Amino acid sequence: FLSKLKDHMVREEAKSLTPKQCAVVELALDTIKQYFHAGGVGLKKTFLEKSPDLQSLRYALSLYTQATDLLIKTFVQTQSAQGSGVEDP
Amino acid sequence: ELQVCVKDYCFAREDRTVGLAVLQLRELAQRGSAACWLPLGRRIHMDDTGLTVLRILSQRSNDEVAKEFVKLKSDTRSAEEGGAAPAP
Amino acid sequence: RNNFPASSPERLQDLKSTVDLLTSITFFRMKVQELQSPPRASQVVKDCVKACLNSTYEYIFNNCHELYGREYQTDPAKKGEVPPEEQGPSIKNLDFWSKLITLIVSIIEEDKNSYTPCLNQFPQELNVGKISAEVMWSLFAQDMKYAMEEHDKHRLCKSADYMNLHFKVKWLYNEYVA
């Protein structure tokens, strides 16, 4: 997905993670979490919810549905390094 | 953020991007007014999240704000008369 | 435009059958070669149209007098190769720009009227009249802005002439572009 709409390679719309595929995944993840929890026989719900691995996964997912302005605000707030010296001017 | 772009004016042809600079208005939120010499780049330098947001915004290929944002970030120096790819 | 002139319905039909052939090739690549993302027939053509429109614009902006000349000009002595400073922009007069306005109108009409129907295969994607109006105005507006700035340094035309030009431009934008 670098190739198919970050990059130049294909004039396709890439197809985002669609609301339905955002769901499905968020539910697959709650099931995996329940599986790894195994009704308390596995990992605590608390470890799983605080899991940075899960939080990172949720973050990437949250981006795929976010509004244009919010994506753009996110870009300006995150791209902080676009203001500390161009290299090869 | 301001994005400052130098272009060569070219009737019949196309107005070539000479270079691009970004100024973060967070700085100006302290400074109030700033004199600055912005160095110009060939393309804007990005992280995974800029590139993720950009590949996300490019899928919104009917949103005019997204189109112009994507187009604007995806502007790079039309390489020639002084060179193609920068450093970050 | 040059290969399948609107004045030949036959070449408009060969043009239509050509895009039907190009859909047939895209379909062969997709179906027989089993290619997954072959070049989409509407985008392939949209590039060609943008190409043909930009070649049109370059040619009109460089040859405004020869074109406006032969195609409409309100004096037959002014149909020929008038100086390049009058086939592109003049500092002496606004007439190149009134002439360029009419060229732009005429082309957008031919695209709206002959080609948008000839090339209906992607109607949702390929309004030839709109792609024409956008491409041509964009290229124009740049050129016009610099012209008005240039006139402003010299003031050879009267205030009035720029006011007349303003009403024409106001009209043009408020017609095609707005």
# chains A, B, ... in the order shown; residues from 1 in each chain; ligands from 1
call {"tool": "closest_atom_pairs", "arguments": {"of": "chain C", "to": "chain B", "cutoff": "10 Å", "atoms": "only C-alpha atoms", "output": "JSON lines"}}
result
{"residue": "C:54", "atom": "CA", "partner": "B:12", "partner_atom": "CA", "distance": 8.7}
{"residue": "C:55", "atom": "CA", "partner": "B:12", "partner_atom": "CA", "distance": 8.9}
{"residue": "C:57", "atom": "CA", "partner": "B:12", "partner_atom": "CA", "distance": 7.5}
{"residue": "C:58", "atom": "CA", "partner": "B:12", "partner_atom": "CA", "distance": 4.6}
{"residue": "C:59", "atom": "CA", "partner": "B:12", "partner_atom": "CA", "distance": 7.7}
{"residue": "C:60", "atom": "CA", "partner": "B:12", "partner_atom": "CA", "distance": 9.1}
{"residue": "C:61", "atom": "CA", "partner": "B:12", "partner_atom": "CA", "distance": 6.8}
{"residue": "C:62", "atom": "CA", "partner": "B:12", "partner_atom": "CA", "distance": 7.0}
{"residue": "C:88", "atom": "CA", "partner": "B:11", "partner_atom": "CA", "distance": 9.6}
{"residue": "C:139", "atom": "CA", "partner": "B:11", "partner_atom": "CA", "distance": 8.1}
{"residue": "C:140", "atom": "CA", "partner": "B:11", "partner_atom": "CA", "distance": 9.4}
{"residue": "C:142", "atom": "CA", "partner": "B:11", "partner_atom": "CA", "distance": 8.3}
{"residue": "C:143", "atom": "CA", "partner": "B:11", "partner_atom": "CA", "distance": 6.9}
{"residue": "C:146", "atom": "CA", "partner": "B:9", "partner_atom": "CA", "distance": 9.7}
call {"tool": "interface_residues", "arguments": {"of": "chain A", "to": "chain B", "cutoff": "7 Å", "atoms": "only C-alpha atoms", "output": "VMD selection string"}}
result
chain A and resid 5 to 6 13 to 16 64 68 71 75 79 82 to 83 86 to 89
call {"tool": "write_last_selection", "arguments": {"atoms": "N, CA, C and O atoms", "output": "PDB file, in the first residue's frame"}}
result
ATOM      1  N   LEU A   5      -1.025   3.410  -3.390  1.00  0.00           N
ATOM      2  CA  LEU A   5      -1.459   4.832  -3.380  1.00  0.00           C
ATOM      3  C   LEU A   5      -0.660   5.830  -2.517  1.00  0.00           C
ATOM      4  O   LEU A   5      -0.981   7.022  -2.547  1.00  0.00           O
ATOM      5  N   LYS A   6       0.359   5.414  -1.750  1.00  0.00           N
ATOM      6  CA  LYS A   6       1.366   6.387  -1.282  1.00  0.00           C
ATOM      7  C   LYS A   6       2.215   6.808  -2.483  1.00  0.00           C
ATOM      8  O   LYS A   6       2.396   7.986  -2.770  1.00  0.00           O
ATOM      9  N   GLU A  13      -7.602   3.329  -6.741  1.00  0.00           N
ATOM     10  CA  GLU A  13      -8.001   4.021  -5.514  1.00  0.00           C
ATOM     11  C   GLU A  13      -7.461   3.325  -4.249  1.00  0.00           C
ATOM     12  O   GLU A  13      -7.922   3.618  -3.150  1.00  0.00           O
ATOM     13  N   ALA A  14      -6.550   2.355  -4.411  1.00  0.00           N
ATOM     14  CA  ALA A  14      -6.079   1.289  -3.507  1.00  0.00           C
ATOM     15  C   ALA A  14      -7.143   0.425  -2.802  1.00  0.00           C
ATOM     16  O   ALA A  14      -6.864  -0.722  -2.455  1.00  0.00           O
ATOM     17  N   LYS A  15      -8.354   0.957  -2.614  1.00  0.00           N
ATOM     18  CA  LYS A  15      -9.383   0.545  -1.658  1.00  0.00           C
ATOM     19  C   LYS A  15      -8.832   0.540  -0.231  1.00  0.00           C
ATOM     20  O   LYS A  15      -8.052  -0.327   0.156  1.00  0.00           O
ATOM     21  N   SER A  16      -9.271   1.518   0.550  1.00  0.00           N
ATOM     22  CA  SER A  16      -8.959   1.609   1.975  1.00  0.00           C
ATOM     23  C   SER A  16      -9.376   0.350   2.720  1.00  0.00           C
ATOM     24  O   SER A  16     -10.160  -0.459   2.226  1.00  0.00           O
ATOM     25  N   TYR A  64      -7.454   4.976   9.147  1.00  0.00           N
ATOM     26  CA  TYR A  64      -8.120   4.576   7.912  1.00  0.00           C
ATOM     27  C   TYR A  64      -9.557   5.105   7.756  1.00  0.00           C
ATOM     28  O   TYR A  64     -10.054   5.166   6.635  1.00  0.00           O
ATOM     29  N   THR A  68     -10.900  14.103   6.773  1.00  0.00           N
ATOM     30  CA  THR A  68      -9.852  14.771   6.018  1.00  0.00           C
ATOM     31  C   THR A  68      -9.143  15.826   6.840  1.00  0.00           C
ATOM     32  O   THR A  68      -7.926  15.778   6.963  1.00  0.00           O
ATOM     33  N   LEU A  71      -7.115  14.018   9.661  1.00  0.00           N
ATOM     34  CA  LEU A  71      -5.922  13.519   9.002  1.00  0.00           C
ATOM     35  C   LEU A  71      -4.935  14.655   8.756  1.00  0.00           C
ATOM     36  O   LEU A  71      -3.772  14.541   9.123  1.00  0.00           O
ATOM     37  N   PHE A  75      -1.373  15.178  10.399  1.00  0.00           N
ATOM     38  CA  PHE A  75      -0.175  15.397   9.626  1.00  0.00           C
ATOM     39  C   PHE A  75       0.618  16.577  10.192  1.00  0.00           C
ATOM     40  O   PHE A  75       1.768  16.384  10.562  1.00  0.00           O
ATOM     41  N   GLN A  79       4.185  15.618  11.709  1.00  0.00           N
ATOM     42  CA  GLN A  79       5.300  15.996  10.855  1.00  0.00           C
ATOM     43  C   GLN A  79       6.101  17.185  11.443  1.00  0.00           C
ATOM     44  O   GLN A  79       6.550  18.055  10.705  1.00  0.00           O
ATOM     45  N   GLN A  82       9.174  18.643   9.759  1.00  0.00           N
ATOM     46  CA  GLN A  82       9.065  19.565   8.612  1.00  0.00           C
ATOM     47  C   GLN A  82       9.146  21.036   9.090  1.00  0.00           C
ATOM     48  O   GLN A  82       8.274  21.861   8.814  1.00  0.00           O
ATOM     49  N   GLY A  83      10.191  21.361   9.849  1.00  0.00           N
ATOM     50  CA  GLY A  83      10.472  22.697  10.378  1.00  0.00           C
ATOM     51  C   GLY A  83      11.759  22.747  11.225  1.00  0.00           C
ATOM     52  O   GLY A  83      11.731  23.235  12.354  1.00  0.00           O
ATOM     53  N   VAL A  86      15.977  21.958   6.013  1.00  0.00           N
ATOM     54  CA  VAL A  86      16.034  21.192   4.759  1.00  0.00           C
ATOM     55  C   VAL A  86      17.443  20.677   4.552  1.00  0.00           C
ATOM     56  O   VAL A  86      18.396  21.420   4.780  1.00  0.00           O
ATOM     57  N   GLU A  87      17.585  19.456   4.055  1.00  0.00           N
ATOM     58  CA  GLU A  87      18.890  18.918   3.683  1.00  0.00           C
ATOM     59  C   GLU A  87      19.005  18.774   2.145  1.00  0.00           C
ATOM     60  O   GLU A  87      18.042  18.486   1.436  1.00  0.00           O
ATOM     61  N   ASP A  88      20.176  19.124   1.606  1.00  0.00           N
ATOM     62  CA  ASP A  88      20.392  19.509   0.201  1.00  0.00           C
ATOM     63  C   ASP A  88      19.438  20.609  -0.330  1.00  0.00           C
ATOM     64  O   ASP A  88      18.567  20.353  -1.166  1.00  0.00           O
ATOM     65  N   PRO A  89      19.576  21.858   0.148  1.00  0.00           N
ATOM     66  CA  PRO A  89      18.747  22.971  -0.284  1.00  0.00           C
ATOM     67  C   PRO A  89      18.984  23.394  -1.740  1.00  0.00           C
ATOM     68  O   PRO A  89      20.072  23.228  -2.286  1.00  0.00           O
TER      69      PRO A  89
END
call {"tool": "residues_around", "arguments": {"residues": "range 72-84 of chain C", "least_positions_apart": "3", "cutoff": "9 Å", "atoms": "only C-alpha atoms", "output": "number ranges by chain"}}
result
C: 62-69, 87-90, 99, 102-103
call {"tool": "write_last_selection", "arguments": {"atoms": "N, CA, C and O atoms", "output": "PDB file, in the first residue's frame"}}
result
ATOM      1  N   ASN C  62       0.116  30.623 -28.169  1.00  0.00           N
ATOM      2  CA  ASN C  62       1.223  31.000 -29.027  1.00  0.00           C
ATOM      3  C   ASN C  62       0.765  31.540 -30.387  1.00  0.00           C
ATOM      4  O   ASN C  62       1.485  32.321 -31.002  1.00  0.00           O
ATOM      5  N   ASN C  63      -0.407  31.127 -30.869  1.00  0.00           N
ATOM      6  CA  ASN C  63      -0.910  31.432 -32.208  1.00  0.00           C
ATOM      7  C   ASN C  63      -2.282  32.126 -32.175  1.00  0.00           C
ATOM      8  O   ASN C  63      -3.079  31.990 -33.106  1.00  0.00           O
ATOM      9  N   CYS C  64      -2.588  32.866 -31.099  1.00  0.00           N
ATOM     10  CA  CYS C  64      -3.910  33.451 -30.876  1.00  0.00           C
ATOM     11  C   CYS C  64      -4.378  34.233 -32.078  1.00  0.00           C
ATOM     12  O   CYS C  64      -5.545  34.169 -32.452  1.00  0.00           O
ATOM     13  N   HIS C  65      -3.461  34.957 -32.708  1.00  0.00           N
ATOM     14  CA  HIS C  65      -3.854  35.799 -33.801  1.00  0.00           C
ATOM     15  C   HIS C  65      -4.162  35.063 -35.075  1.00  0.00           C
ATOM     16  O   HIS C  65      -5.122  35.401 -35.735  1.00  0.00           O
ATOM     17  N   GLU C  66      -3.357  34.083 -35.427  1.00  0.00           N
ATOM     18  CA  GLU C  66      -3.566  33.242 -36.586  1.00  0.00           C
ATOM     19  C   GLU C  66      -4.881  32.471 -36.456  1.00  0.00           C
ATOM     20  O   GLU C  66      -5.667  32.383 -37.398  1.00  0.00           O
ATOM     21  N   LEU C  67      -5.150  31.983 -35.250  1.00  0.00           N
ATOM     22  CA  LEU C  67      -6.349  31.237 -34.953  1.00  0.00           C
ATOM     23  C   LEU C  67      -7.579  32.120 -34.879  1.00  0.00           C
ATOM     24  O   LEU C  67      -8.520  31.907 -35.632  1.00  0.00           O
ATOM     25  N   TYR C  68      -7.575  33.133 -34.012  1.00  0.00           N
ATOM     26  CA  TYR C  68      -8.690  34.059 -33.907  1.00  0.00           C
ATOM     27  C   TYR C  68      -8.933  34.808 -35.195  1.00  0.00           C
ATOM     28  O   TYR C  68     -10.072  34.971 -35.617  1.00  0.00           O
ATOM     29  N   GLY C  69      -7.830  35.225 -35.807  1.00  0.00           N
ATOM     30  CA  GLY C  69      -7.722  35.628 -37.186  1.00  0.00           C
ATOM     31  C   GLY C  69      -8.647  34.811 -38.066  1.00  0.00           C
ATOM     32  O   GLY C  69      -9.772  35.215 -38.356  1.00  0.00           O
ATOM     33  N   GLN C  87       0.061  37.497 -31.116  1.00  0.00           N
ATOM     34  CA  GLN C  87      -0.346  36.080 -31.150  1.00  0.00           C
ATOM     35  C   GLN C  87      -0.154  35.384 -29.816  1.00  0.00           C
ATOM     36  O   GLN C  87      -0.741  34.340 -29.563  1.00  0.00           O
ATOM     37  N   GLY C  88       0.764  35.951 -29.049  1.00  0.00           N
ATOM     38  CA  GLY C  88       0.821  35.967 -27.616  1.00  0.00           C
ATOM     39  C   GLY C  88       0.496  37.405 -27.176  1.00  0.00           C
ATOM     40  O   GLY C  88       0.014  38.215 -27.974  1.00  0.00           O
ATOM     41  N   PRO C  89       0.768  37.749 -25.919  1.00  0.00           N
ATOM     42  CA  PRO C  89       0.265  38.988 -25.327  1.00  0.00           C
ATOM     43  C   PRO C  89       0.838  40.288 -25.903  1.00  0.00           C
ATOM     44  O   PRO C  89       2.053  40.401 -26.087  1.00  0.00           O
ATOM     45  N   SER C  90      -0.023  41.305 -26.052  1.00  0.00           N
ATOM     46  CA  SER C  90       0.363  42.699 -26.327  1.00  0.00           C
ATOM     47  C   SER C  90       0.421  43.552 -25.080  1.00  0.00           C
ATOM     48  O   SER C  90      -0.423  43.416 -24.199  1.00  0.00           O
ATOM     49  N   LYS C  99      -9.738  38.081 -27.916  1.00  0.00           N
ATOM     50  CA  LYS C  99      -9.608  37.075 -28.960  1.00  0.00           C
ATOM     51  C   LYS C  99      -9.367  35.697 -28.384  1.00  0.00           C
ATOM     52  O   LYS C  99     -10.034  34.731 -28.749  1.00  0.00           O
ATOM     53  N   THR C 102     -12.599  34.299 -26.927  1.00  0.00           N
ATOM     54  CA  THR C 102     -13.446  33.652 -27.928  1.00  0.00           C
ATOM     55  C   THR C 102     -12.921  32.282 -28.376  1.00  0.00           C
ATOM     56  O   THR C 102     -13.704  31.347 -28.542  1.00  0.00           O
ATOM     57  N   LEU C 103     -11.602  32.141 -28.523  1.00  0.00           N
ATOM     58  CA  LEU C 103     -10.971  30.848 -28.796  1.00  0.00           C
ATOM     59  C   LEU C 103     -11.348  29.830 -27.739  1.00  0.00           C
ATOM     60  O   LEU C 103     -11.805  28.732 -28.056  1.00  0.00           O
TER      61      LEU C 103
END
call {"tool": "interface_residues", "arguments": {"of": "chain A", "to": "chain C", "cutoff": "12 Å", "atoms": "only C-alpha atoms", "output": "number ranges by chain"}}
result
A: 4, 9-14
call {"tool": "select_by_dssp", "arguments": {"residues": "range 14-43 of chain A", "states": "helix (DSSP H, G or I)", "output": "PyMOL selection string"}}
result
chain A and resi 19-40
call {"tool": "select_by_dssp", "arguments": {"residues": "range 3-67 of chain B", "states": "strand (DSSP E)", "output": "list in words"}}
result
residues 3, 4, 5, 6, 7, 8, 16, 17, 18, 19, 20, 21, 22 and 23 of chain B
call {"tool": "decode", "arguments": {"residues": "range 26-76 of chain C", "atoms": "N, CA and C atoms", "output": "PDB file, in the first residue's frame"}}
result
ATOM      1  N   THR C  26      -8.397  -3.506 -23.317  1.00  0.00           N
ATOM      2  CA  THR C  26      -8.306  -3.455 -21.844  1.00  0.00           C
ATOM      3  C   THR C  26      -8.940  -4.705 -21.234  1.00  0.00           C
ATOM      4  N   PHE C  27     -10.099  -5.071 -21.768  1.00  0.00           N
ATOM      5  CA  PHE C  27     -10.821  -6.295 -21.491  1.00  0.00           C
ATOM      6  C   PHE C  27     -10.010  -7.544 -21.864  1.00  0.00           C
ATOM      7  N   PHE C  28      -9.353  -7.615 -23.023  1.00  0.00           N
ATOM      8  CA  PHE C  28      -8.406  -8.702 -23.308  1.00  0.00           C
ATOM      9  C   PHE C  28      -7.270  -8.819 -22.291  1.00  0.00           C
ATOM     10  N   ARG C  29      -6.653  -7.702 -21.907  1.00  0.00           N
ATOM     11  CA  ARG C  29      -5.588  -7.706 -20.902  1.00  0.00           C
ATOM     12  C   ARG C  29      -6.106  -8.216 -19.566  1.00  0.00           C
ATOM     13  N   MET C  30      -7.273  -7.733 -19.167  1.00  0.00           N
ATOM     14  CA  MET C  30      -7.944  -8.124 -17.941  1.00  0.00           C
ATOM     15  C   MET C  30      -8.395  -9.590 -17.945  1.00  0.00           C
ATOM     16  N   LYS C  31      -8.930 -10.081 -19.067  1.00  0.00           N
ATOM     17  CA  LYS C  31      -9.636 -11.365 -19.155  1.00  0.00           C
ATOM     18  C   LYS C  31      -8.795 -12.483 -19.726  1.00  0.00           C
ATOM     19  N   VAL C  32      -8.072 -12.227 -20.808  1.00  0.00           N
ATOM     20  CA  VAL C  32      -7.243 -13.242 -21.451  1.00  0.00           C
ATOM     21  C   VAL C  32      -5.832 -13.224 -20.911  1.00  0.00           C
ATOM     22  N   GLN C  33      -5.148 -12.083 -20.869  1.00  0.00           N
ATOM     23  CA  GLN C  33      -3.853 -12.047 -20.181  1.00  0.00           C
ATOM     24  C   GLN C  33      -4.003 -12.146 -18.662  1.00  0.00           C
ATOM     25  N   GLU C  34      -5.220 -11.946 -18.152  1.00  0.00           N
ATOM     26  CA  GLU C  34      -5.573 -12.067 -16.738  1.00  0.00           C
ATOM     27  C   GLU C  34      -4.860 -11.053 -15.846  1.00  0.00           C
ATOM     28  N   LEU C  35      -4.438  -9.937 -16.434  1.00  0.00           N
ATOM     29  CA  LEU C  35      -3.810  -8.829 -15.732  1.00  0.00           C
ATOM     30  C   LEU C  35      -4.789  -8.202 -14.736  1.00  0.00           C
ATOM     31  N   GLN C  36      -4.278  -7.798 -13.577  1.00  0.00           N
ATOM     32  CA  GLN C  36      -5.067  -7.512 -12.369  1.00  0.00           C
ATOM     33  C   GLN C  36      -5.416  -6.026 -12.269  1.00  0.00           C
ATOM     34  N   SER C  37      -4.448  -5.186 -12.627  1.00  0.00           N
ATOM     35  CA  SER C  37      -4.592  -3.737 -12.741  1.00  0.00           C
ATOM     36  C   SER C  37      -3.997  -3.275 -14.075  1.00  0.00           C
ATOM     37  N   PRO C  38      -4.549  -3.717 -15.228  1.00  0.00           N
ATOM     38  CA  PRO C  38      -4.227  -3.100 -16.511  1.00  0.00           C
ATOM     39  C   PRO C  38      -4.598  -1.603 -16.482  1.00  0.00           C
ATOM     40  N   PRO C  39      -4.038  -0.780 -17.384  1.00  0.00           N
ATOM     41  CA  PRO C  39      -4.374   0.636 -17.498  1.00  0.00           C
ATOM     42  C   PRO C  39      -5.872   0.841 -17.741  1.00  0.00           C
ATOM     43  N   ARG C  40      -6.552   1.576 -16.857  1.00  0.00           N
ATOM     44  CA  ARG C  40      -8.007   1.752 -16.947  1.00  0.00           C
ATOM     45  C   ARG C  40      -8.363   2.608 -18.161  1.00  0.00           C
ATOM     46  N   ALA C  41      -9.253   2.102 -19.019  1.00  0.00           N
ATOM     47  CA  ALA C  41      -9.587   2.715 -20.305  1.00  0.00           C
ATOM     48  C   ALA C  41      -9.996   4.195 -20.172  1.00  0.00           C
ATOM     49  N   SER C  42     -10.795   4.564 -19.166  1.00  0.00           N
ATOM     50  CA  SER C  42     -11.139   5.975 -18.921  1.00  0.00           C
ATOM     51  C   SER C  42      -9.921   6.845 -18.574  1.00  0.00           C
ATOM     52  N   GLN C  43      -8.994   6.405 -17.719  1.00  0.00           N
ATOM     53  CA  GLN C  43      -7.820   7.205 -17.363  1.00  0.00           C
ATOM     54  C   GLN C  43      -6.842   7.337 -18.534  1.00  0.00           C
ATOM     55  N   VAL C  44      -6.606   6.235 -19.244  1.00  0.00           N
ATOM     56  CA  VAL C  44      -5.817   6.184 -20.485  1.00  0.00           C
ATOM     57  C   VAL C  44      -6.278   7.256 -21.471  1.00  0.00           C
ATOM     58  N   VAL C  45      -7.588   7.339 -21.666  1.00  0.00           N
ATOM     59  CA  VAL C  45      -8.212   8.315 -22.558  1.00  0.00           C
ATOM     60  C   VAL C  45      -8.153   9.722 -21.947  1.00  0.00           C
ATOM     61  N   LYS C  46      -8.416   9.889 -20.652  1.00  0.00           N
ATOM     62  CA  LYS C  46      -8.367  11.187 -19.961  1.00  0.00           C
ATOM     63  C   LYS C  46      -6.994  11.847 -20.081  1.00  0.00           C
ATOM     64  N   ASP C  47      -5.928  11.070 -19.959  1.00  0.00           N
ATOM     65  CA  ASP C  47      -4.577  11.522 -20.275  1.00  0.00           C
ATOM     66  C   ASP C  47      -4.486  12.034 -21.713  1.00  0.00           C
ATOM     67  N   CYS C  48      -4.963  11.254 -22.680  1.00  0.00           N
ATOM     68  CA  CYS C  48      -4.960  11.631 -24.087  1.00  0.00           C
ATOM     69  C   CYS C  48      -5.745  12.914 -24.347  1.00  0.00           C
ATOM     70  N   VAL C  49      -6.833  13.113 -23.615  1.00  0.00           N
ATOM     71  CA  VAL C  49      -7.679  14.292 -23.749  1.00  0.00           C
ATOM     72  C   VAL C  49      -6.990  15.492 -23.166  1.00  0.00           C
ATOM     73  N   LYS C  50      -6.502  15.367 -21.935  1.00  0.00           N
ATOM     74  CA  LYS C  50      -5.671  16.377 -21.303  1.00  0.00           C
ATOM     75  C   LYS C  50      -4.519  16.728 -22.210  1.00  0.00           C
ATOM     76  N   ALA C  51      -3.871  15.737 -22.806  1.00  0.00           N
ATOM     77  CA  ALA C  51      -2.810  15.939 -23.772  1.00  0.00           C
ATOM     78  C   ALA C  51      -3.318  16.794 -24.929  1.00  0.00           C
ATOM     79  N   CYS C  52      -4.355  16.334 -25.612  1.00  0.00           N
ATOM     80  CA  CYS C  52      -4.898  17.037 -26.750  1.00  0.00           C
ATOM     81  C   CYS C  52      -5.347  18.469 -26.407  1.00  0.00           C
ATOM     82  N   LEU C  53      -5.938  18.680 -25.230  1.00  0.00           N
ATOM     83  CA  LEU C  53      -6.330  19.985 -24.696  1.00  0.00           C
ATOM     84  C   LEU C  53      -5.135  20.881 -24.415  1.00  0.00           C
ATOM     85  N   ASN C  54      -4.080  20.362 -23.807  1.00  0.00           N
ATOM     86  CA  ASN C  54      -2.886  21.151 -23.538  1.00  0.00           C
ATOM     87  C   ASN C  54      -2.170  21.542 -24.835  1.00  0.00           C
ATOM     88  N   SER C  55      -2.076  20.627 -25.800  1.00  0.00           N
ATOM     89  CA  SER C  55      -1.565  20.933 -27.141  1.00  0.00           C
ATOM     90  C   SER C  55      -2.402  22.005 -27.809  1.00  0.00           C
ATOM     91  N   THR C  56      -3.718  21.902 -27.648  1.00  0.00           N
ATOM     92  CA  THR C  56      -4.620  22.957 -28.067  1.00  0.00           C
ATOM     93  C   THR C  56      -4.253  24.268 -27.360  1.00  0.00           C
ATOM     94  N   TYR C  57      -4.092  24.291 -26.032  1.00  0.00           N
ATOM     95  CA  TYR C  57      -3.869  25.535 -25.295  1.00  0.00           C
ATOM     96  C   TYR C  57      -2.556  26.201 -25.681  1.00  0.00           C
ATOM     97  N   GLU C  58      -1.466  25.437 -25.655  1.00  0.00           N
ATOM     98  CA  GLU C  58      -0.159  25.895 -26.097  1.00  0.00           C
ATOM     99  C   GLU C  58      -0.300  26.538 -27.468  1.00  0.00           C
ATOM    100  N   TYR C  59      -0.916  25.793 -28.382  1.00  0.00           N
ATOM    101  CA  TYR C  59      -1.041  26.247 -29.733  1.00  0.00           C
ATOM    102  C   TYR C  59      -1.875  27.528 -29.789  1.00  0.00           C
ATOM    103  N   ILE C  60      -2.993  27.629 -29.063  1.00  0.00           N
ATOM    104  CA  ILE C  60      -3.776  28.862 -29.070  1.00  0.00           C
ATOM    105  C   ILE C  60      -3.076  30.031 -28.396  1.00  0.00           C
ATOM    106  N   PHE C  61      -2.348  29.810 -27.309  1.00  0.00           N
ATOM    107  CA  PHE C  61      -1.698  30.892 -26.584  1.00  0.00           C
ATOM    108  C   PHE C  61      -0.512  31.467 -27.355  1.00  0.00           C
ATOM    109  N   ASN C  62       0.116  30.623 -28.169  1.00  0.00           N
ATOM    110  CA  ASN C  62       1.223  31.000 -29.027  1.00  0.00           C
ATOM    111  C   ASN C  62       0.765  31.540 -30.387  1.00  0.00           C
ATOM    112  N   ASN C  63      -0.407  31.127 -30.869  1.00  0.00           N
ATOM    113  CA  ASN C  63      -0.910  31.432 -32.208  1.00  0.00           C
ATOM    114  C   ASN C  63      -2.282  32.126 -32.175  1.00  0.00           C
ATOM    115  N   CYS C  64      -2.588  32.866 -31.099  1.00  0.00           N
ATOM    116  CA  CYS C  64      -3.910  33.451 -30.876  1.00  0.00           C
ATOM    117  C   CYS C  64      -4.378  34.233 -32.078  1.00  0.00           C
ATOM    118  N   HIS C  65      -3.461  34.957 -32.708  1.00  0.00           N
ATOM    119  CA  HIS C  65      -3.854  35.799 -33.801  1.00  0.00           C
ATOM    120  C   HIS C  65      -4.162  35.063 -35.075  1.00  0.00           C
ATOM    121  N   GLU C  66      -3.357  34.083 -35.427  1.00  0.00           N
ATOM    122  CA  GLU C  66      -3.566  33.242 -36.586  1.00  0.00           C
ATOM    123  C   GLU C  66      -4.881  32.471 -36.456  1.00  0.00           C
ATOM    124  N   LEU C  67      -5.150  31.983 -35.250  1.00  0.00           N
ATOM    125  CA  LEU C  67      -6.349  31.237 -34.953  1.00  0.00           C
ATOM    126  C   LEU C  67      -7.579  32.120 -34.879  1.00  0.00           C
ATOM    127  N   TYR C  68      -7.575  33.133 -34.012  1.00  0.00           N
ATOM    128  CA  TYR C  68      -8.690  34.059 -33.907  1.00  0.00           C
ATOM    129  C   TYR C  68      -8.933  34.808 -35.195  1.00  0.00           C
ATOM    130  N   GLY C  69      -7.830  35.225 -35.807  1.00  0.00           N
ATOM    131  CA  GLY C  69      -7.722  35.628 -37.186  1.00  0.00           C
ATOM    132  C   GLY C  69      -8.647  34.811 -38.066  1.00  0.00           C
ATOM    133  N   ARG C  70      -8.188  33.636 -38.467  1.00  0.00           N
ATOM    134  CA  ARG C  70      -8.916  32.785 -39.405  1.00  0.00           C
ATOM    135  C   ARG C  70     -10.307  32.360 -38.919  1.00  0.00           C
ATOM    136  N   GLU C  71     -10.473  32.093 -37.629  1.00  0.00           N
ATOM    137  CA  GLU C  71     -11.710  31.535 -37.090  1.00  0.00           C
ATOM    138  C   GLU C  71     -12.829  32.577 -36.875  1.00  0.00           C
ATOM    139  N   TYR C  72     -12.529  33.860 -36.616  1.00  0.00           N
ATOM    140  CA  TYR C  72     -13.574  34.880 -36.343  1.00  0.00           C
ATOM    141  C   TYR C  72     -13.281  36.339 -36.722  1.00  0.00           C
ATOM    142  N   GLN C  73     -12.022  36.720 -36.931  1.00  0.00           N
ATOM    143  CA  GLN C  73     -11.584  38.102 -36.723  1.00  0.00           C
ATOM    144  C   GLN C  73     -12.402  39.154 -37.473  1.00  0.00           C
ATOM    145  N   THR C  74     -12.856  40.167 -36.732  1.00  0.00           N
ATOM    146  CA  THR C  74     -13.735  41.267 -37.184  1.00  0.00           C
ATOM    147  C   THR C  74     -13.096  42.236 -38.205  1.00  0.00           C
ATOM    148  N   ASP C  75     -11.952  41.880 -38.796  1.00  0.00           N
ATOM    149  CA  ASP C  75     -11.284  42.583 -39.900  1.00  0.00           C
ATOM    150  C   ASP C  75     -10.446  41.551 -40.693  1.00  0.00           C
ATOM    151  N   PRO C  76     -10.714  41.315 -41.994  1.00  0.00           N
ATOM    152  CA  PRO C  76     -10.017  40.294 -42.782  1.00  0.00           C
ATOM    153  C   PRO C  76      -8.504  40.541 -42.906  1.00  0.00           C
TER     154      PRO C  76
END
